[PDB]
Every structure is written in C-alpha cells, then in structure tokens.
Student: 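Supplied in structure tokens, the structure appears directly below.
Heavy-atom basis, side chains included; hydrogens, waters and symmetry copies ignored. Indexing begins at 1, ligand by ligand and atom by atom, following the structure's order. Residue numbering restarts at 1 for every chain, and letters A, B, ... go by the order of the sequence lines.
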There are 2 protein chains.
Amino acid sequence: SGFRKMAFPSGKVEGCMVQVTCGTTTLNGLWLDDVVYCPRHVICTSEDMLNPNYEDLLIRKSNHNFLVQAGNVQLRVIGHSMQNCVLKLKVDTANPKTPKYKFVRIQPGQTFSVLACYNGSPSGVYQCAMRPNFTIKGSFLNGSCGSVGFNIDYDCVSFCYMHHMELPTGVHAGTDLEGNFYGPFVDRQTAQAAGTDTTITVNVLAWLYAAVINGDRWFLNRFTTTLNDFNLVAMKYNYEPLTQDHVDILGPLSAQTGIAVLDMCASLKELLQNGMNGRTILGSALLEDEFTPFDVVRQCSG
Amino acid sequence: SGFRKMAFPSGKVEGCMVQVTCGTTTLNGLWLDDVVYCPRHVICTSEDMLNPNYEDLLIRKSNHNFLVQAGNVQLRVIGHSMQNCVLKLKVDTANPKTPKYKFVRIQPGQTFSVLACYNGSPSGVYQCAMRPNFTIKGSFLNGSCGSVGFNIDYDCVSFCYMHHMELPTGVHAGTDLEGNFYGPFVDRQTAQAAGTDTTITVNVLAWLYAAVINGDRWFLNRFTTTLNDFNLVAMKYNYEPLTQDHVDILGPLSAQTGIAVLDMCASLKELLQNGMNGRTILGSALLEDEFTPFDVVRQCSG
Ligand SMILES: *[C@H](S)C(=O)c1ccc(Br)cc1
Ligand SMILES: *[C@H](S)C(=O)c1ccc(Br)cc1
C-alpha cells in the first residue's frame, strides 16, 4: 500500500554521466559506447547568447578544445560533430558501464525520471511528466544542463530528455537525445515563454483509480456520464479531451476496481464542480495529473 | 528553479541488493563486505506468525537453509546469527561493489531515500520522512521487506532503515540496520497500530522558505509573533512545538531570504487559521512537512 512519486533506480544512468568543458563553460554529458552527448550550447561564449550561429562556432573548434572527465579520468576526444541541438563527441574509450539503451521521444502526458547532475556528478533523482505545452516542471540549478530524463524497461534504458534551459516561469525546456527540442523553444536568448498548459485528464483518472486501489473511496458516486458530456465539462475546466483510446487504456484499472471508466469520469466531474470540501486523496488536496495509467499499474497492487 | 521530492541517486545501494530465501519465504537482503543483512522474519513459516520464538526458530536452521542470490550468482552462506530483528548471513564473498557506508539511526522528522526492491531487484526510488509516530508513509507491496532507506553524503551511504511490515492504516514500520525497530512495533502478528501523529513544524517552515526562494510570496505578511504565541497556535493545530534550536537551524534560510524565522511563523499561523483561499504553494494545496531545512538548502539556489 501507499502511493509515491517514484523514480526508476538511477544506477544505470549514473554510470554514464561525465563532465564536458569547452572554454570556460562546463556542463554534463552522457557517455554511451564511445560517444559523449551534450548540449551544443557548451560551445557558446558570454557574447554569443543572442544569435549564435552554431555551425560557425563549431567549425572554429577542434577536438582538443573539449575536455571530457569521467570521474577522475580524462577521456580523449577524437571526433566532434553536431546533430540538431546536441553535440556528439567521439572519445577514444567505450564506456564499460554502457547499459542496453534506446533514444525514444516521448509524448506530452508521459512521465520519466530525471537524474539531476552538476559537474558530471549525480545529485538527485525525481519523477516528471512532459506537460501538454512541452515544458517540464523540473528542479534544476545553474550547471544542470546536460542532465537526462529516462525510463527503464527490464534492463533497457530509454533516454527521452536532455535538459537545456529554464524559461521565465521557472519551468524547463530541453531536447530528445537526437537534439530536437520538445516544443517551440530554441537554444538561444529570446523572449520565448511557455504557452498555455492544460491538465492531463487520463492521468488524473489513473490516479483516482490508484486511490481506490489504496482505499480512498469518498469521491465515488452512483452516477455515470457519457464521454461527450464529460468532455463538455473537461473543456470548461481546462482539461484535455478524453478519447476512447484513453478509456481503453484505463480498462485494466477499471477491471481491477470494478469501477467503469465513465463512472469514474462522473466522480471527476463532481470533484471539478465541487472541490474536495476539505478532504484529500492520496495525501493531496488537488487533482494529481503526473501519474500515467502505466505508473499506477506498476506501483499498485494487482 | 523548481522544487521536487528528490531522492538520492540509488546506484550505490542498487549494487548491494540481493535475494534471500529460507524455506518458501523470499525477501530482500543487503550485502556489504561479506555480510548479508535481512529481516529475521525470513525464518518464520505460515504457522509461526502469532508468537514466534526467533531464538528457537534460528537454532533449528543451518547455513544451507539460506539461499542468497546476487543477480545470477549464488552466494555461499558460511555463518548466520541474529541481531535484534535482523539476521546476519556471513557469505564466502565480499561484495566488490560495497560503498563507503555507515549504519545510523534517524530521528522523527528526518528524511531519507527508499529503494523499493522485489526478489533482490530494485524497482523504484522515492523520498520519505520518519513520522513523529515512528511510521513511514511508504509505497511497498508484498515482497518488499528487506528494502532499505538511506542518505548519501559525499561518497558515504548512511543506511538508516530496513523495511519490515505494513500496519493496518497502510503505513509502514521497520528497523534501523542494527535490527531495532523504529517505534513501538514488533515483528509478529498483533493488533498493533500507528499511534497518533503530528505535523513536523520546522519542516513546514523550511518548505515555506523554499517557496519564497522559488518566488511564491503571497502568504507573507507584515506581522511577527513570539515563539510562545506561535507554539500556542501550533499546539491547537496538532503541530509539533518549535524550539530555539529549530529557529537556529532555520538561520541560513532566513538569512538568504531576509525573512526572520518568527515572521515566517506569523505567516504559518495565518495559513493554519485561514487556509489558502484556493491558492497553492510550490504546487501543493496543503502544508508540506516532509522537507527538512537541509533538504531545502541542498535543492534550492543559494
Ligand atoms: C546549459 S543548462 C545549456 O545547455 C543551455 C542551453 C540553452 C540555453 Br538558451 C542556455 C543554456
Ligand atoms: C517481510 S516484508 C518481513 O520482513 C516481515 C516482518 C515482520 C512481519 Br510482522 C511481517 C513480515
């Protein structure tokens, strides 16, 4: 019993974290086989923030301009290239700790674990979700760029995020591991800001099922709703539309609790319209939307 | 920016997790140097739950009754002994992955990271706090006993918890790594239950400072209070008393924000008396008490 914001064990990723220095700029890199991945912003200088031309900046560098440190061991850089917003530094040594891995791009509403790192040294691990507006509500300080987000399935690490920058509302933006940004952001200094965000409905419903599995039942009711009527209410409260695929994905949790998805939707409608009247659900006083149906099934009793 | 419930990176502990089997009972163990630590309940059988005499149960076992598996490698048990509620299995091989480590017992109100494990395999990592009533609000399923809680300082893992059981309210009880329970619980089947709990005041204040460091300021006010008047209100709301040592420990955060501790106390008093009127703090709609002053300083900008 119990329900926590749980991350994947971070050991497989810890063994891949390195420090990358170019000029007076230091940040984190990810060492897999004989390649180190890092943000290309590492080749900028203090004056280059406004309109860097990265192709120009990179053609003026050579391998010896990149210092890579894995713990207390300097890795010799033997090639360098750029792919979208990331840099690929070929080193003369394959990381002996490389896990089985994949580079996957995730969808808004999906969750992942972040290993926050400074100077190539892991500092903490936490769970995040990709918001509908393609930002993440991370916890990052200066020097954390290059930190990665991931999921682990069996023995395989699916890397899905590399951290780049912080937007003016304190939320975070980054790329997949092919260097393509999530959302309409760029690695340069502009007035860019997070766009409007919405709540991830299917996740809220998953979390209500978690609560029922864990014995919070006070928000249940004898009502049902149609998907259309539910989605009318959802729209009114800035919630994403619920699709039939979402209903299908909630099938297992529905079956385990014996609560039809559209019955749980009726509960959510009442909670949106009435609040919780001073009660809590799984120790929260607001509706939590950063657990996927998969997260609930993995953590909760069967 | 940002503030998350952050755990320590778990890799150093992952390399210590093993599976311990006795009869038809399997659970997790912790392998450090040439010793494996696990709950002594592993030597119980289905009939022994009510009033086990562990001394008797153990004298009837020998080394070959204990199967220890580290990944795909069977560790040969060469001695066995009991220390309070844990078992110590001497194995013929020192764990090559043993980190620098300590066995520390923690105080109510202190936090630690939990590596939830099943069958000796790590499954997730999350942050917890020891409640004033010596329970923890964990996330544990059947088979998780033997999972450990820890903090990491520099390179040194301070183990502080081994998981044993779940109480009837769904909260969890366990021991330190010398096998002594936290709180008035025992490793046998009784009507034992969590006693009354209280909110950890100094932690709530630490978290309000986190929020100010992160730009939530709406709950601040121009008032101050005395420690005595504050503690009168605290008592009324089931909050722990605030001591001068607590005020001193909050000194750094006070200095960084320029908000005197007793001014922040005045804010907390108003929040207890009035609620938040539909606002949130660091994405919560209730007052969070599972971050210590140290946790805030470590995670937050300086
Ligand atoms: C450092 S966290 C980094 O990579 C970076 C990327 C993009 C911008 Br804009 C600033 C800093
Ligand atoms: C398994 S999680 C275990 O160690 C245990 C300890 C004490 C009691 Br009572 C039940 C199970």
Student: Please state which option from B:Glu166, B:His164, B:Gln189 has its nearest heavy atom closest to atom 6 (C) of ligand 2.
Tutor: B:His164

Student: Considering non-hydrogen atoms of the protein only, which is the closest contact for atom 8 (C) of ligand 1, and what is the distance?
Tutor: A:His41 ND1, 3.8 Å

Student: Under 4.0 Å, heavy atoms only, figure out whether ligand 1 is touched by the backbone of A:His163, its side chain, both or neither.
Tutor: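 For A:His163, there is no contact with ligand 1 at all, from either part.
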
Student: Only heavy atoms of A:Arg188, strictly under 4.0 Å: list the atoms of ligand 1 that pass.
Tutor: 9 (Br)

Student: Only pairs at least two apart or in different chains count here, so list each salt bridge (charged side-chain N to carboxylate O under 4.0 Å, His left out) that has a residue in residues 39-59 of chain B.
Tutor: B:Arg40-B:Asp187, B:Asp56-B:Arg60

Student: Just to be sure I'm reading this right: ignoring hydrogens, which of B:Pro52, B:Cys145, B:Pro39, B:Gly143 gets closest to atom 2 (S) of ligand 2? Compare them by their nearest heavy atoms.
Tutor: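 Looking at heavy atoms only, the winner is B:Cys145.
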
Student: Quick one: are the ring centres of B:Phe181 and B:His164 less than 6.0 Å apart?
Tutor: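 Yes, the ring of B:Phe181 comes within the 6.0 Å limit of the ring of B:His164, centre to centre.
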
Student: Is B:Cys44 close to B:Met49 at the side-chain level, that is, under 4.5 Å between some pair of heavy atoms?
Tutor: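 No, side chains not in contact.
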
Student: For the residue pair A:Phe112 and A:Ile136, establish whether any side-chain heavy-atom pair is separated by less than 4.5 Å.
Tutor: yes

Student: Establish, from distance only, whether the side-chain atoms of A:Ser121 and A:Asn119 form a donor-acceptor pair under 3.5 Å.
Tutor: no

